[PDB]
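Have a look at model-v9.cif; it's mmCIF, C-alpha atoms:
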```cif
data_coords
#
loop_
_atom_site.label_atom_id
_atom_site.label_comp_id
_atom_site.auth_asym_id
_atom_site.auth_seq_id
_atom_site.Cartn_x
_atom_site.Cartn_y
_atom_site.Cartn_z
CA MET A 1 85.74 48.66 110.48
CA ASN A 2 85.46 46.61 113.67
CA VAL A 3 83.47 47.64 116.73
CA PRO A 4 85.88 50.03 118.48
CA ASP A 5 86.66 49.86 122.21
CA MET A 6 86.52 53.61 122.49
CA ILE A 7 85.53 56.67 120.51
CA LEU A 8 86.51 60.21 121.46
CA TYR A 9 84.63 62.80 119.42
CA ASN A 10 83.71 66.49 119.30
CA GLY A 11 87.26 67.60 120.07
CA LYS A 12 90.38 69.05 118.47
CA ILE A 13 92.93 66.37 117.67
CA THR A 14 96.25 66.98 115.93
CA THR A 15 97.17 63.88 113.94
CA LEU A 16 100.52 64.51 112.25
CA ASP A 17 98.84 63.22 109.10
CA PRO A 18 99.47 65.70 106.25
CA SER A 19 96.16 64.60 104.67
CA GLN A 20 94.08 65.71 107.65
CA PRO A 21 96.26 67.46 110.29
CA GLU A 22 93.24 68.05 112.51
CA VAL A 23 90.22 65.87 113.28
CA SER A 24 87.50 66.02 115.92
CA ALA A 25 87.23 62.28 116.51
CA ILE A 26 89.26 59.08 116.84
CA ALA A 27 88.38 55.40 117.34
CA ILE A 28 90.54 52.97 119.29
CA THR A 29 90.44 49.16 119.21
CA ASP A 30 92.93 47.02 121.13
CA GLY A 31 95.20 49.98 121.84
CA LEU A 32 95.40 50.91 118.16
CA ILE A 33 93.89 53.85 116.28
CA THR A 34 91.46 52.30 113.81
CA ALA A 35 89.91 55.51 112.49
CA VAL A 36 90.15 59.30 112.71
CA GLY A 37 87.58 61.80 111.51
CA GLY A 38 84.37 63.35 112.81
CA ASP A 39 80.98 62.48 114.29
CA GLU A 40 80.52 59.88 111.53
CA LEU A 41 82.87 57.57 113.46
CA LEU A 42 79.95 57.04 115.86
CA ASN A 43 78.28 54.89 113.17
CA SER A 44 80.73 52.13 114.15
CA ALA A 45 79.78 52.10 117.83
CA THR A 46 77.68 49.43 119.54
CA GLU A 47 76.64 48.96 123.16
CA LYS A 48 80.18 47.83 124.00
CA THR A 49 81.90 51.00 122.69
CA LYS A 50 82.86 53.61 125.28
CA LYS A 51 82.25 57.18 124.11
CA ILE A 52 83.89 60.39 125.25
CA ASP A 53 82.47 63.77 124.30
CA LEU A 54 85.66 65.85 124.40
CA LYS A 55 83.41 68.92 124.58
CA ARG A 56 85.50 70.85 122.03
CA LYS A 57 88.66 70.36 124.10
CA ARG A 58 92.02 69.62 122.50
CA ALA A 59 93.17 66.00 122.79
CA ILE A 60 96.70 64.64 122.50
CA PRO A 61 98.28 61.18 122.76
CA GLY A 62 99.55 60.33 126.23
CA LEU A 63 103.35 60.37 126.45
CA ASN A 64 104.31 56.87 125.33
CA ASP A 65 108.00 55.99 125.48
CA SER A 66 109.83 52.92 126.78
CA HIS A 67 112.17 55.08 128.89
CA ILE A 68 109.57 57.02 130.84
CA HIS A 69 106.69 56.19 133.15
CA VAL A 70 103.78 58.59 133.17
CA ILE A 71 102.48 58.98 136.71
CA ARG A 72 98.68 58.66 136.61
CA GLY A 73 96.15 59.31 139.37
CA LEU A 74 97.34 62.73 140.53
CA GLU A 75 94.54 65.08 141.63
CA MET B 1 107.83 74.25 94.44
CA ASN B 2 107.11 73.12 98.01
CA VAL B 3 110.20 73.19 100.24
CA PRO B 4 110.00 72.38 103.98
CA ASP B 5 111.65 74.63 106.55
CA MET B 6 112.57 71.72 108.80
CA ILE B 7 113.01 67.96 108.44
CA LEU B 8 113.52 65.70 111.45
CA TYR B 9 114.59 62.20 110.40
CA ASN B 10 116.01 58.89 111.62
CA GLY B 11 113.75 58.84 114.67
CA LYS B 12 110.57 57.29 116.05
CA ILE B 13 107.50 59.43 115.45
CA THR B 14 103.94 58.45 116.37
CA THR B 15 101.13 59.66 114.13
CA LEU B 16 97.38 59.19 114.40
CA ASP B 17 97.15 57.92 110.82
CA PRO B 18 95.77 54.36 111.10
CA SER B 19 97.63 53.39 107.92
CA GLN B 20 100.97 54.69 109.17
CA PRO B 21 101.08 54.99 113.01
CA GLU B 22 104.88 55.18 113.13
CA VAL B 23 107.31 56.99 110.83
CA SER B 24 111.00 57.85 111.16
CA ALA B 25 110.90 61.29 109.59
CA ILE B 26 108.66 64.33 109.46
CA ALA B 27 108.73 67.52 107.36
CA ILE B 28 107.52 70.90 108.64
CA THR B 29 106.74 73.95 106.51
CA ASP B 30 105.99 77.19 108.35
CA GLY B 31 104.66 75.39 111.41
CA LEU B 32 102.51 72.67 109.88
CA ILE B 33 103.39 69.08 109.00
CA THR B 34 103.91 68.84 105.22
CA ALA B 35 104.87 65.17 104.97
CA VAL B 36 105.83 62.07 106.95
CA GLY B 37 107.72 58.92 106.04
CA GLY B 38 111.37 57.89 105.95
CA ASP B 39 114.65 59.43 104.89
CA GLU B 40 113.27 59.87 101.34
CA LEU B 41 111.83 63.12 102.73
CA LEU B 42 115.37 64.50 102.62
CA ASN B 43 115.10 64.54 98.81
CA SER B 44 112.60 67.40 99.12
CA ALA B 45 115.02 69.50 101.16
CA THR B 46 117.10 72.42 99.85
CA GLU B 47 119.88 74.64 101.25
CA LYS B 48 117.28 76.48 103.36
CA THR B 49 115.64 73.44 104.96
CA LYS B 50 116.85 72.77 108.50
CA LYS B 51 117.45 69.06 109.03
CA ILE B 52 117.70 67.28 112.36
CA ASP B 53 119.05 63.76 112.70
CA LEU B 54 117.02 62.43 115.64
CA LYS B 55 119.59 59.64 116.17
CA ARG B 56 116.71 57.23 116.90
CA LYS B 57 115.23 59.38 119.66
CA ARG B 58 111.44 59.48 119.84
CA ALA B 59 110.07 62.79 118.57
CA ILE B 60 106.97 64.20 120.29
CA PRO B 61 105.09 67.46 119.66
CA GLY B 62 105.72 69.96 122.47
CA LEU B 63 102.80 71.15 124.60
CA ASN B 64 101.04 73.70 122.43
CA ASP B 65 98.11 75.41 124.16
CA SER B 66 97.28 78.96 125.25
CA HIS B 67 96.61 77.76 128.81
CA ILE B 68 99.90 75.91 129.24
CA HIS B 69 103.39 77.30 129.74
CA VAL B 70 106.25 74.87 129.18
CA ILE B 71 109.05 75.76 131.62
CA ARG B 72 112.24 75.96 129.56
CA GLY B 73 115.90 75.73 130.54
CA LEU B 74 115.78 73.47 133.60
CA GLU B 75 118.76 71.15 134.04
CA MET C 1 122.82 85.45 149.50
CA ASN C 2 121.32 83.91 146.37
CA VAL C 3 119.49 86.01 143.78
CA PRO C 4 117.68 84.01 141.12
CA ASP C 5 118.29 84.62 137.44
CA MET C 6 114.60 84.13 136.75
CA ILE C 7 111.25 83.98 138.51
CA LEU C 8 108.11 82.62 136.89
CA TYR C 9 105.09 83.82 138.87
CA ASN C 10 101.30 83.99 138.96
CA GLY C 11 100.88 80.48 137.53
CA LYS C 12 99.68 76.99 138.49
CA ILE C 13 102.55 74.62 139.21
CA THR C 14 102.60 71.04 140.54
CA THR C 15 105.69 70.20 142.64
CA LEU C 16 105.57 66.63 144.01
CA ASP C 17 106.39 68.23 147.39
CA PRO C 18 103.84 66.85 149.90
CA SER C 19 104.17 70.08 151.92
CA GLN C 20 102.93 72.19 149.00
CA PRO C 21 101.60 70.14 146.04
CA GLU C 22 100.70 73.31 144.11
CA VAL C 23 102.41 76.70 144.00
CA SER C 24 102.11 79.78 141.77
CA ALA C 25 105.78 80.73 141.45
CA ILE C 26 109.17 79.20 140.93
CA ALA C 27 112.69 80.68 141.02
CA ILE C 28 115.46 79.53 138.66
CA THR C 29 119.20 79.97 139.26
CA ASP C 30 121.86 78.67 136.86
CA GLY C 31 119.35 76.26 135.32
CA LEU C 32 118.19 74.91 138.70
CA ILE C 33 114.96 75.46 140.65
CA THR C 34 116.18 77.20 143.80
CA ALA C 35 112.81 78.17 145.24
CA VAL C 36 109.11 77.35 145.01
CA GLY C 37 106.09 79.11 146.44
CA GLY C 38 104.01 82.22 145.94
CA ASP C 39 104.50 85.92 145.26
CA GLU C 40 106.92 86.13 148.20
CA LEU C 41 109.59 84.74 145.87
CA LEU C 42 109.62 88.09 144.10
CA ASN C 43 111.13 89.61 147.24
CA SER C 44 114.35 87.70 146.45
CA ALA C 45 114.75 89.42 143.08
CA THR C 46 117.09 92.30 142.19
CA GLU C 47 117.06 94.42 139.01
CA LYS C 48 119.04 91.62 137.37
CA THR C 49 116.33 89.03 137.94
CA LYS C 50 114.06 88.33 134.97
CA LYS C 51 110.45 88.19 136.12
CA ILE C 52 107.84 86.52 133.94
CA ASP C 53 104.09 86.70 134.57
CA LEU C 54 102.62 83.27 133.76
CA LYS C 55 99.17 84.86 133.49
CA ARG C 56 97.46 82.01 135.38
CA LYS C 57 98.75 79.38 132.97
CA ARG C 58 99.56 75.90 134.19
CA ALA C 59 103.38 75.72 134.03
CA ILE C 60 104.93 72.34 133.32
CA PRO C 61 108.64 71.47 133.24
CA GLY C 62 109.78 70.76 129.70
CA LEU C 63 110.19 67.07 128.94
CA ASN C 64 113.95 66.52 129.04
CA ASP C 65 115.18 62.98 128.51
CA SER C 66 118.13 61.89 126.37
CA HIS C 67 115.83 59.55 124.41
CA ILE C 68 113.22 62.18 123.55
CA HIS C 69 113.25 65.08 121.13
CA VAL C 70 110.44 67.55 121.77
CA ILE C 71 109.35 69.16 118.52
CA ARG C 72 109.07 72.91 119.12
CA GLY C 73 108.55 73.99 115.52
CA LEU C 74 104.79 73.40 115.42
CA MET D 1 93.50 54.88 158.72
CA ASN D 2 95.14 56.56 155.70
CA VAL D 3 97.35 54.36 153.51
CA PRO D 4 98.96 54.95 150.10
CA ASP D 5 96.90 53.89 147.07
CA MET D 6 100.02 53.51 144.93
CA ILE D 7 103.79 53.41 145.28
CA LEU D 8 106.21 53.84 142.38
CA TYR D 9 109.81 53.09 143.28
CA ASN D 10 113.30 52.43 141.92
CA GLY D 11 113.01 55.12 139.26
CA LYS D 12 114.18 58.63 138.40
CA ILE D 13 111.76 61.23 139.72
CA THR D 14 112.26 64.97 139.53
CA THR D 15 110.48 67.05 142.15
CA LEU D 16 110.30 70.81 142.38
CA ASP D 17 111.42 70.67 145.99
CA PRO D 18 114.71 72.63 146.10
CA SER D 19 115.85 70.56 149.11
CA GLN D 20 115.21 67.24 147.36
CA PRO D 21 114.95 67.75 143.55
CA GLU D 22 115.47 64.07 142.75
CA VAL D 23 114.06 60.92 144.36
CA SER D 24 113.49 57.32 143.29
CA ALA D 25 110.11 56.67 144.90
CA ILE D 26 106.81 58.40 145.55
CA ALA D 27 103.61 57.53 147.44
CA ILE D 28 100.18 58.50 146.15
CA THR D 29 97.17 58.64 148.45
CA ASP D 30 93.75 59.42 147.02
CA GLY D 31 95.24 61.40 144.13
CA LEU D 32 97.76 63.25 146.30
CA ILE D 33 101.50 62.84 146.71
CA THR D 34 101.91 61.71 150.30
CA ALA D 35 105.63 61.03 150.43
CA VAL D 36 108.76 61.03 148.29
CA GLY D 37 112.08 59.28 148.85
CA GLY D 38 113.62 55.84 148.38
CA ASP D 39 112.79 52.15 148.76
CA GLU D 40 111.85 52.86 152.38
CA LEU D 41 108.50 54.11 151.08
CA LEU D 42 107.43 50.51 150.47
CA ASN D 43 107.15 50.06 154.25
CA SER D 44 104.02 52.24 154.19
CA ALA D 45 102.22 49.86 151.82
CA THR D 46 99.47 47.46 152.86
CA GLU D 47 98.25 44.67 150.59
CA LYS D 48 95.75 46.91 148.78
CA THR D 49 98.38 49.50 147.83
CA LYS D 50 99.33 49.14 144.16
CA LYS D 51 103.11 49.00 143.71
CA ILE D 52 105.23 49.49 140.60
CA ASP D 53 108.93 48.96 139.98
CA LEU D 54 109.98 51.73 137.60
CA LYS D 55 113.03 49.64 136.73
CA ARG D 56 115.11 52.83 136.63
CA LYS D 57 112.68 54.60 134.28
CA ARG D 58 112.16 58.34 134.56
CA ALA D 59 108.78 59.10 136.12
CA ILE D 60 106.87 62.22 135.14
CA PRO D 61 103.50 63.45 136.36
CA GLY D 62 100.75 63.11 133.77
CA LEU D 63 99.47 66.21 131.99
CA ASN D 64 96.56 67.29 134.20
CA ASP D 65 94.73 70.29 132.77
CA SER D 66 91.02 70.98 132.19
CA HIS D 67 91.73 72.34 128.71
CA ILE D 68 93.44 69.18 127.49
CA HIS D 69 92.39 65.56 127.20
CA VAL D 70 95.26 63.06 127.32
CA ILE D 71 94.27 60.11 125.15
CA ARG D 72 94.75 56.92 127.18
CA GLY D 73 95.06 53.32 126.00
CA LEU D 74 97.32 54.23 123.06
#
```
Any chance you could give the structure as C-alpha cells?
Amino acid sequence: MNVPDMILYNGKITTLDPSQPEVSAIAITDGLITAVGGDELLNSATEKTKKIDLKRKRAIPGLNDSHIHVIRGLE
Amino acid sequence: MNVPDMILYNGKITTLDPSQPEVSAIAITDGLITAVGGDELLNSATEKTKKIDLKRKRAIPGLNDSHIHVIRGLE
Amino acid sequence: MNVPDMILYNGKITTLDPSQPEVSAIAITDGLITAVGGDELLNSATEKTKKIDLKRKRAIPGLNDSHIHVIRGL
Amino acid sequence: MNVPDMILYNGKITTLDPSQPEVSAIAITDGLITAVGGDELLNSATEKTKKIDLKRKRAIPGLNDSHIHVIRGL
C-alpha cells in the first residue's frame, strides 16, 4: 500500500462490493481507490495525505460519466 | 439456492472495490448487491429474476437518503 | 387557465434561476415544470391536482440522460 | 466590481425556470448562479474568470447537501 493522496474515514460508504457492501473509510491515490475499510486505513497516511473526517455522514462517488459535466462551486 | 431478483448487464458500472473498479453486470437480491462481474451472472438467473440489458449505458445507484427526494417523471 | 397535475411543496429546491436560486415548491404539468416558488403554488391546484409534502427534504431532479441508467432497486 | 468566477458554455443545461427551462451557458459568481443563456455570457468574463467549453455535454448541478459527502477526485 502506497501513501494515499486522500483518506475519507468515519463515514458510511456503499461500495457495490458484495464482500463488504458498506465501509466507513476509503483511500485514494492518483484518482484511484487503493483501499476501502475502516479507521485502520489511517495507518497508511503520512504528512502528505489529506484526511477527511466524514463525521458519520454518507459518502458517494461523484457522478462520473463522459456525457455529463457536474457543475461544481454552487453555494 | 441463491437467486437474484434483478440482474443488470452489458453496461458500465463503477464499484469501490480496488480489485475490480469497473464491471459490466450487477446482481441484486431483495435490495442488496449479491454479485458483480460480467454476463456470467446471467447463469445464476431463473424465471423470476428480472434482467435488464443496459445496452452499454453507465449504471449508477440512485440517490438513496432520507433527507433527499428525487423528483421523478420530468421530461 | 393551467392546473398542474402535481405540486411538490415544503421542500428545498435549487433552480438555476438567478431571480430565485432556491424555492420550496414546484408544479408539474404533463411531465414539465410549469411553475416554481413557494406555498402560493398550491393556490393553482384543483381537486385533481396531486399535492405531495416534501417534508423539508432537498428535492433533486432525477438524472435523465440517454447514456445513464439510474439503479432504483437498491 | 462583481464579475463571474466561472462560465460554462456550449452545453445542455436544464433550469427549473418555466420561462427558460433549457440553456447552453451559465455564469457562476461566488458560488451563485448570476446568469443563464447562450455564448453571449462569455462577454461578462474578465481574464480571471474560469471558462469551460462543455462541448455539448449535459451540465448538472452537483449534489449539495449537508447529509451527503460527494467523493471528489475519483
*To one decimal in Å, tell me the separation between CA of residue 46 in chain A and CA of residue 16 in chain B.*
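Computing it gives 22.6 Å between the two atoms.
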Could you superpose chain D on chain C by least squares over every Cα, matched in sequence order, and send it back as a PDB file with C-alpha atoms, keeping the file's coordinate frame?
```pdb
ATOM      1  CA  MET D   1     126.111  86.107 145.445  1.00  0.00           C
ATOM      2  CA  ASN D   2     123.504  83.632 144.135  1.00  0.00           C
ATOM      3  CA  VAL D   3     120.337  85.122 142.628  1.00  0.00           C
ATOM      4  CA  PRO D   4     117.470  83.559 140.652  1.00  0.00           C
ATOM      5  CA  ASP D   5     117.869  83.533 136.859  1.00  0.00           C
ATOM      6  CA  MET D   6     114.106  83.348 136.344  1.00  0.00           C
ATOM      7  CA  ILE D   7     110.883  83.703 138.301  1.00  0.00           C
ATOM      8  CA  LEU D   8     107.499  82.483 137.072  1.00  0.00           C
ATOM      9  CA  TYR D   9     104.600  83.620 139.224  1.00  0.00           C
ATOM     10  CA  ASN D  10     100.818  83.960 139.448  1.00  0.00           C
ATOM     11  CA  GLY D  11     100.200  80.563 137.876  1.00  0.00           C
ATOM     12  CA  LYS D  12      99.155  77.010 138.719  1.00  0.00           C
ATOM     13  CA  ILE D  13     102.171  74.860 139.517  1.00  0.00           C
ATOM     14  CA  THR D  14     102.042  71.272 140.693  1.00  0.00           C
ATOM     15  CA  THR D  15     105.000  70.047 142.719  1.00  0.00           C
ATOM     16  CA  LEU D  16     105.664  66.545 143.950  1.00  0.00           C
ATOM     17  CA  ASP D  17     106.230  67.853 147.453  1.00  0.00           C
ATOM     18  CA  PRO D  18     103.551  66.159 149.605  1.00  0.00           C
ATOM     19  CA  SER D  19     103.629  69.112 152.038  1.00  0.00           C
ATOM     20  CA  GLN D  20     103.079  71.688 149.290  1.00  0.00           C
ATOM     21  CA  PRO D  21     101.698  70.000 146.114  1.00  0.00           C
ATOM     22  CA  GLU D  22     100.490  73.262 144.580  1.00  0.00           C
ATOM     23  CA  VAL D  23     102.116  76.699 144.368  1.00  0.00           C
ATOM     24  CA  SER D  24     101.772  79.757 142.141  1.00  0.00           C
ATOM     25  CA  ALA D  25     105.424  80.743 141.787  1.00  0.00           C
ATOM     26  CA  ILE D  26     108.840  79.173 141.367  1.00  0.00           C
ATOM     27  CA  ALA D  27     112.431  80.463 141.265  1.00  0.00           C
ATOM     28  CA  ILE D  28     115.031  79.002 138.926  1.00  0.00           C
ATOM     29  CA  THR D  29     118.740  79.469 139.555  1.00  0.00           C
ATOM     30  CA  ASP D  30     121.251  78.144 137.046  1.00  0.00           C
ATOM     31  CA  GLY D  31     118.867  75.420 135.868  1.00  0.00           C
ATOM     32  CA  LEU D  32     117.765  74.445 139.377  1.00  0.00           C
ATOM     33  CA  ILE D  33     114.562  75.112 141.280  1.00  0.00           C
ATOM     34  CA  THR D  34     115.647  77.325 144.154  1.00  0.00           C
ATOM     35  CA  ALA D  35     112.311  78.159 145.731  1.00  0.00           C
ATOM     36  CA  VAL D  36     108.580  77.614 145.333  1.00  0.00           C
ATOM     37  CA  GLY D  37     105.674  79.582 146.776  1.00  0.00           C
ATOM     38  CA  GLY D  38     103.726  82.761 146.049  1.00  0.00           C
ATOM     39  CA  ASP D  39     104.238  86.348 144.900  1.00  0.00           C
ATOM     40  CA  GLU D  40     106.738  86.771 147.740  1.00  0.00           C
ATOM     41  CA  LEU D  41     109.293  85.044 145.512  1.00  0.00           C
ATOM     42  CA  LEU D  42     109.596  88.226 143.448  1.00  0.00           C
ATOM     43  CA  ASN D  43     111.453  89.825 146.374  1.00  0.00           C
ATOM     44  CA  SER D  44     114.454  87.613 145.566  1.00  0.00           C
ATOM     45  CA  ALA D  45     114.769  89.057 142.053  1.00  0.00           C
ATOM     46  CA  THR D  46     117.422  91.550 140.982  1.00  0.00           C
ATOM     47  CA  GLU D  47     117.219  93.438 137.693  1.00  0.00           C
ATOM     48  CA  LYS D  48     118.898  90.646 135.710  1.00  0.00           C
ATOM     49  CA  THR D  49     116.411  87.996 136.860  1.00  0.00           C
ATOM     50  CA  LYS D  50     113.918  87.226 134.087  1.00  0.00           C
ATOM     51  CA  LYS D  51     110.331  87.368 135.363  1.00  0.00           C
ATOM     52  CA  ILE D  52     107.130  86.014 133.839  1.00  0.00           C
ATOM     53  CA  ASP D  53     103.499  86.470 134.821  1.00  0.00           C
ATOM     54  CA  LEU D  54     101.815  83.139 134.109  1.00  0.00           C
ATOM     55  CA  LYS D  55      98.488  84.971 134.124  1.00  0.00           C
ATOM     56  CA  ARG D  56      96.929  81.996 135.922  1.00  0.00           C
ATOM     57  CA  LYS D  57      98.259  79.483 133.376  1.00  0.00           C
ATOM     58  CA  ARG D  58      99.246  76.002 134.490  1.00  0.00           C
ATOM     59  CA  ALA D  59     103.027  75.634 134.513  1.00  0.00           C
ATOM     60  CA  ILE D  60     104.637  72.291 133.756  1.00  0.00           C
ATOM     61  CA  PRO D  61     108.311  71.371 133.637  1.00  0.00           C
ATOM     62  CA  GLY D  62     109.595  70.773 130.119  1.00  0.00           C
ATOM     63  CA  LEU D  63     110.290  67.222 128.965  1.00  0.00           C
ATOM     64  CA  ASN D  64     113.971  66.774 129.842  1.00  0.00           C
ATOM     65  CA  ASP D  65     115.299  63.406 128.706  1.00  0.00           C
ATOM     66  CA  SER D  66     118.431  62.422 126.757  1.00  0.00           C
ATOM     67  CA  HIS D  67     116.419  60.070 124.547  1.00  0.00           C
ATOM     68  CA  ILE D  68     114.020  62.754 123.348  1.00  0.00           C
ATOM     69  CA  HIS D  69     114.443  66.056 121.557  1.00  0.00           C
ATOM     70  CA  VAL D  70     111.666  68.580 122.203  1.00  0.00           C
ATOM     71  CA  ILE D  71     111.285  70.660 119.054  1.00  0.00           C
ATOM     72  CA  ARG D  72     111.404  74.342 120.032  1.00  0.00           C
ATOM     73  CA  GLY D  73     110.225  77.401 118.108  1.00  0.00           C
ATOM     74  CA  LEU D  74     107.018  75.707 116.915  1.00  0.00           C
TER      75      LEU D  74
END
```
*Do me a favour and pick out the residues of chain A within 12 Å of chain C, using all atoms listed in the file, as a PyMOL selection string.*
chain A and resi 14+16+21+63-71+74-75
*Give me the result of the PyMOL selection byres ((chain D and resi 35-50) around 12) on this file, residue by residue, as a VMD selection string.*
(chain A and resid 73) or (chain C and resid 15 to 21) or (chain D and resid 1 to 17 19 to 30 32 to 34 51 to 54)
*Between CA of residue 23 in chain B and CA of residue 1 in chain A, what is the spacing in Å?*
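Taking CA of residue 1 in chain A and CA of residue 23 in chain B, their separation equals 23.1 Å.
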_Distance in Å - CA of residue 18 in chain A versus CA of residue 32 in chain A_ =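 The value is 19.4 Å.
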*Just say which residues the PyMOL selection byres ((chain A) within 7 of (chain B)) picks in this file, as a list in words.*
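Checking the PyMOL selection byres ((chain A) within 7 of (chain B)) against this file, the residues are residues 15, 16, 17, 18, 33, 34 and 35 of chain A.
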*Over all Cα atoms in order, fit chain A to chain B and jot down the RMSD to one decimal place.*
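C-alpha RMSD, chain A fitted to chain B: 1.1 Å.
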_Near-residue 54 in chain A list (8 Å; all atoms listed in the file; drop same-chain fewer than 6 positions) as a PyMOL selection string_ = (chain A and resi 8-11) or (chain D and resi 69)
*Expand the PyMOL selection byres ((chain A and resi 31) around 6) into the individual residues it matches in the shown file, reporting them as a PyMOL selection string.*
(chain A and resi 29-30+32) or (chain D and resi 73-74)
Coordinates of box centre and edge lengths for range 27-44 of chain D, 5 Å on every side, axis-aligned, as lines of an AutoDock Vina configuration file:
```
center_x = 103.7
center_y = 56.7
center_z = 149.2
size_x = 29.9
size_y = 23.2
size_z = 20.1
```
